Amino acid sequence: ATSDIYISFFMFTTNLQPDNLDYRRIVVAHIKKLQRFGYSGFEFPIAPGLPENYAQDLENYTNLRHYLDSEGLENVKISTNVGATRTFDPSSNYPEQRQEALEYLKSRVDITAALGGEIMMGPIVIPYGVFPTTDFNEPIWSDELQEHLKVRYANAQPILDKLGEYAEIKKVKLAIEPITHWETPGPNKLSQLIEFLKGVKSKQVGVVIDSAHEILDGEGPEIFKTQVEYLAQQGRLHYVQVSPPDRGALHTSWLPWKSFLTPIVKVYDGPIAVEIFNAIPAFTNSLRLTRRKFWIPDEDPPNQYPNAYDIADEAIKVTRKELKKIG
């Protein structure tokens, strides 16, 4: 059987605005267009909010799921992208901060489930893009950063274990993401995340392997193959993302399709998500995007360059072509 191919909503946005009724229409029109190219599911980033609004968020996303269902999209699956934040930091040295971070992550597990989702992924250990500094604002890197991170990882392990026990009841697999040093202080490599997981009893807490992050920071195809086989053995290879090194066009890139996908397809039968970060205001600065935007039909004025749908269609075509070569 041919695998399910999903696409990330980072082609359009970092905020689903589940309460904005006019925006829901835009979400549904994108999904219907994308489905015609063969996409069977979508990754929804869950924008962070205030802790007093957890119940209201759950209600809004429940209403978004119901609206998608009422539009004929019952069979469409959703995965979520969720990140720890400077405030909602489970690796904090302060117990109350960690507990507040756990409640934040439990809320996001609830939203994932309300969307019918069975996969919640992202940088849920160390806050995304929050490179640590001294009290006098001096950066902390290399050896000093690695010593600092040991304490953060020790702080977070029991919190992630508790979140795993909770997510298991909810039937949501937790897929922690190794992300490149260019974007976040850690975990950057699959070796660093594997080391973190040794202190988390719950197998509900596993990994997402994203090809862009693996190529930018990983240890090569031989070591990678051993890590893939280990994760599948442990029952911790929860999700897989295909994304080029520049995070843009998937069909013109140095993504090592054969070397990356061959070991994964042997042991993983879940969905493969196309994760393309469009040059939208949320990413131009954080990802240093010098490339032109894949203009979004109806939002952006048309131009002579490829549009968001052009790129999405070529992305699924290349992914299927390359998957077919491995079979």
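One-based numbering along the sequence shown.
Averaged over their C-alpha atoms, the temperature factors of 174-182 and 226-234 are higher for 226-234. As listed in the deposited structure, the average C-alpha B-factor of 295-303 and of 260-268 is greater for 295-303. Based on the entry's C-alpha B-factors, the most elevated value among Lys198, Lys189, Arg247, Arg98 belongs to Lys198. Of the candidates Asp89, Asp135, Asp217, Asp110, the one whose C-alpha carries the top B factor in the deposited record is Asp135. In this PDB entry, the Cα temperature factor of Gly41 sits in the bottom third of its chain's modelled residues, the lowest group.
In this PDB entry, the Cα temperature factor of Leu16 sits in the top third of its chain's modelled residues, the highest group.
In the PDB entry, a CA B factor belonging to the highest third of its chain's modelled residues is recorded for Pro139. Among all modelled residues in its chain, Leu289 ranks in the lowest third by Cα B-factor.
For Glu118, the recorded CA B-factor ranks within the highest third of the chain. Only modelled residues enter the ranking.
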